[PDB]
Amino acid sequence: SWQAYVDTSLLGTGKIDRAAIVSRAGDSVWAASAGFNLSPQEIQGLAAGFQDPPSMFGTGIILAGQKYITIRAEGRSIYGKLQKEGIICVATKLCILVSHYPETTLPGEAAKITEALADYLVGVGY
């Protein structure tokens, strides 16, 4: 199930404290952790971001009512920071993985985990 990807594969690592999985088309949310509510408008915004990554630097990344400062934006990867926490968004063929990390995990760690899960899902065909 998609929820198992959130709970077991991302939260279960101890490095990512909130997560969601959403449609690449920005039409729906397939799975999400407790409290981490992404609105239709937010997922539509994030989905549009992957289609024009440089634009994300001007807008920032708005998810769960929070605006993060964009530090990376390319066709597959949109990363942000807010103080010592941050957010890693990675697009697959059919979805976008969204991972939040706390101050205690290296940004490289959350990125590596989330990018790897994305690569897995691409290899599987998603």
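In case it trips you up, residue 1 is the first one in the sequence shown, and so on.
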Worksheet item: With respect to the recorded C-alpha B factors, which stretch has the higher mean value, 94-102 or 45-53?
Response: 45-53
Discussion item. Please compare 71-79 with 27-35 and name the stretch with the higher mean C-alpha B-factor in the deposited structure.
Written reply: 27-35
Discussion item. Can you tell me whether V6 has a C-alpha B-factor in the lowest, middle or highest third compared with the other modelled residues of the same chain?
Written reply: middle
Worksheet entry | Assigned third (lowest, middle, highest) for the C-alpha B factor of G12 | lowest
